[PDB]
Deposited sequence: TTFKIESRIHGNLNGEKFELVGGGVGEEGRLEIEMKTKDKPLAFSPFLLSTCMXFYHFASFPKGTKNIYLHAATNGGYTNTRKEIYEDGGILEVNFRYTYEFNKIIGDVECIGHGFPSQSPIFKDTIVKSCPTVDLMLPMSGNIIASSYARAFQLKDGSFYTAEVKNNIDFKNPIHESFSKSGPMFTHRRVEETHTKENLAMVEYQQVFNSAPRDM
């Protein structure tokens, strides 16, 4: 069902700190969240922060339990991400969560560096984030390593791309219904409406493990 979402994103990009706070709601397969910067507007494209703005809200295939919600009741998990952009920019993000009754509170530490002055994040030319399909592999030690390529679409129609990897670290064994004989995939897409002071987004996540058609 539904849960309240609360989040704080803090860190710095190329040396300048920034902070956002906000929240929203999420259900199986969909979440909406709004956040606002504190003290000043972002010095870079807010689209760079869409992925920083809750794996718990994905729909799972019949037969597989939502491992993130299960973990929330069993010690939890953290996610550590690294995004490597084609122009050398690197975004490193760490996600930590605290749970309260009917509420998930995110604490996001985001460090970006190596972004050149000519980067689209400074020209403010990104107009939207394109969908992704992530590959997830359960590995020894209660870990899931995931990987996927990502693209932002720019004003002129060309793309600004990145290679992303995530290491989801669970406190306790990942639910047994999540098969360990192969990987699963997560399709993600967002609908963004941002300014350098107020970020708003709707996100749809779907975990699947078979071709879409027969």
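> Where are the gaps relative to the deposited sequence?
Replying inline: Gaps vs deposited seq, in order: 54, 216.
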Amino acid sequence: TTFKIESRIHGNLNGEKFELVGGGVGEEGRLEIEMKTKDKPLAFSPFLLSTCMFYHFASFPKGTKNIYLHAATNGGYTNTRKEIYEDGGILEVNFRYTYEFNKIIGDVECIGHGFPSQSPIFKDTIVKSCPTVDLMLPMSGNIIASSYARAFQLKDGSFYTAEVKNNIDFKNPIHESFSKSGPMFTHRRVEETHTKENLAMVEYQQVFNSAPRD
From here on, numbers count along this sequence of modelled residues.
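> Quick one: higher average CA temperature factor, 170-178 or 39-47?
Replying inline: That would be 170-178.
>> Mean CA temperature factor from the deposited coordinates, higher in 128-136 or in 80-88?
In response: Stretch with the higher mean C-alpha B-factor: 128-136.
> Which one, 155, 165, 150, 56, has the peak C-alpha temperature factor per the PDB entry?
Replying inline: Among 155, 165, 150, 56, the highest C-alpha B-factor in the entry belongs to 155.
> When the modelled residues of the chain are sorted by Cα temperature factor, does residue 64 land in the lowest, middle or highest third?
Replying inline: Its C-alpha B-factor, which the entry lists for residue 64, ranks in the highest third among residues of this chain.
>> By the recorded C-alpha temperature factor, relative to the other modelled residues in its chain, which third is residue 12 in?
In response: Ranked within chain, residue 12 CA B lands in the highest tercile.
> In terms of the CA temperature factor given in the entry, to which third of its chain does residue 122 belong: lowest, middle or highest?
Replying inline: It falls in the middle third of the chain.
>> Please say which third, lowest, middle or highest, residue 141 falls into when its CA temperature factor is compared across its chain.
In response: Middle third, going by the recorded CA B-factors of the chain.
> For residue 70, does the deposited CA B-factor place it in the lowest, middle or highest third of the chain?
Replying inline: Within its chain, residue 70 is a highest-third residue by C-alpha B-factor, going by the deposited values.
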